[PDB]
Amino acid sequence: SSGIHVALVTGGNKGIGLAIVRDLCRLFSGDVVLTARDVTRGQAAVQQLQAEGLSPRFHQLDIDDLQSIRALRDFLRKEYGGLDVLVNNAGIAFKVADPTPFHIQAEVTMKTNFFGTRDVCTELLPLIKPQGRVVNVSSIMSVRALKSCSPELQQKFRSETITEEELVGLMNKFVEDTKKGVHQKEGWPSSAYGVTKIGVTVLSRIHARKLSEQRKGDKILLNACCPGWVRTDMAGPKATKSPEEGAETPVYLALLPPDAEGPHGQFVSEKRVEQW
C-alpha cells in the first residue's frame, strides 16, 4: 500500500484521540489508523466509528511497550513503506487530589507521557515520508510548569541547543528527586503531569531541529500542541471544550498544506504559536 497516504493516531480509542481519528477520516486523503493499547477497546472504537460511516484501520499500540511500538513500526514499513502523519496523543494524568505517593505519580506519568512518546518517536520518526507531519499533543500545563521551575531549570528547558540525551537526564532527575523527597529544593514544580509535558514540548523542539538537519528538503513539519481544556475521562465534565473542539489544533497541525515552511518546532494553541 505504499502509494496510499497514511495517518496514525496513538491513544485513539477515546477522548481527544478518537475525535482526531474522526476528523482525519473525514479530511485526510488516505488511510487512517486508529491505534489503542487494549485490542478489545480499540476494535470496539472502530466498530463504533463504522456505525458513523467511518472506516479507520486498526492496529494495537501501547506506547509503554517497546515491542508493541516495534510491531507497529514493522507493519507500517511493510504495508506503506513509511508513514505520512503521526499524532502522538496518548497520555495519562493522576487526579489533582490523588493519594498515590508523589514519587510514584512522577514515575508512572513520566513513563508514559515522556518515555512512551519518546520511544514512539525513536521508532517511527525514521519512517516519516516527505511532506509528512508529526503532532505531539502536549499541554499548556507544560508552560505553567516551565515558569514554575527554577531559573537554572528554565534556562535548560528553553535552550535552543538542548539535546535529547540532556532532556532524558533532566526528566529522570525530576523522578529521582521526587523519590529522594527533594524535588522542591532542586527547583522543580509541584505538578508531575506538568513536568512530563515539559518533556513532550521540549522533545518536539529537539526533533524538529533534528529533522531540519538530517532531512533538509523533505518538507516535514513537527510541532507540539495544547488541545485546550477538554471534557474527557482525563479532565472531567467541568472542562470548556468538547473532544471535537479539542481536536481542532492537532488536526490543523496534521493537515498543514504541502510546501508550508512552518510552523515547525513550535508550541501551538488555538492554531497560534505560543512563546516557549
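Between two forms, the rigid core is the largest collection of C-alphas that superpose within 1.5 Å. The first residue of the sequence shown is number 1, and the count goes up from there.
Undergrad: Can you check whether 90 to 98 or 173 to 181 lies farther from the displayed model in 5 other deposited structures of this protein, averaging C-alpha distances as RMS after superposing on the core?
TA: It is 90 to 98 that deviates more in 5 other deposited structures of this protein.
Undergrad: Comparing 183 to 191 with 114 to 122, which has the greater mean CA B-factor as deposited?
TA: Result of the comparison: 183 to 191.
Undergrad: Between 64 to 72 and 237 to 245, which has the higher average C-alpha B-factor in the PDB entry?
TA: The recorded data point to 237 to 245.
Undergrad: Which one, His207, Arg37, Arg26, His59, has the peak C-alpha temperature factor per the PDB entry?
TA: Across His207, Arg37, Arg26, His59, the entry lists the biggest C-alpha B-factor for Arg26.
Undergrad: Tell me which of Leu221, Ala224, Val32, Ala44 tops the list for C-alpha B factor in the record.
TA: Answer for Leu221, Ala224, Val32, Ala44: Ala44, with the highest C-alpha B-factor.
Undergrad: Split into thirds by Cα B-factor across the chain's modelled residues, where does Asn89 land: lowest, middle or highest?
TA: CA B-factor rank for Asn89: lowest third.
Undergrad: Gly199's Cα B-factor: lowest, middle or highest third of the chain?
TA: Answer is lowest: the recorded C-alpha B-factor places it there.
Undergrad: Based on the entry's values, in what third of the chain does the Cα temperature factor of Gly82 lie: lowest, middle or highest?
TA: According to the entry, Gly82 has a C-alpha B-factor in the chain's middle third.
Undergrad: Lowest, middle or highest third: where is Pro258 by Cα B-factor in its chain?
TA: For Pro258, whose C-alpha B-factor we compare with every modelled residue in the chain, the answer is the highest third.
Undergrad: Among all modelled residues of this chain, ranked by Cα B factor, put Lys129 in the bottom, middle or top third, i.e. lowest, middle or highest.
TA: It falls in the middle third of the chain.
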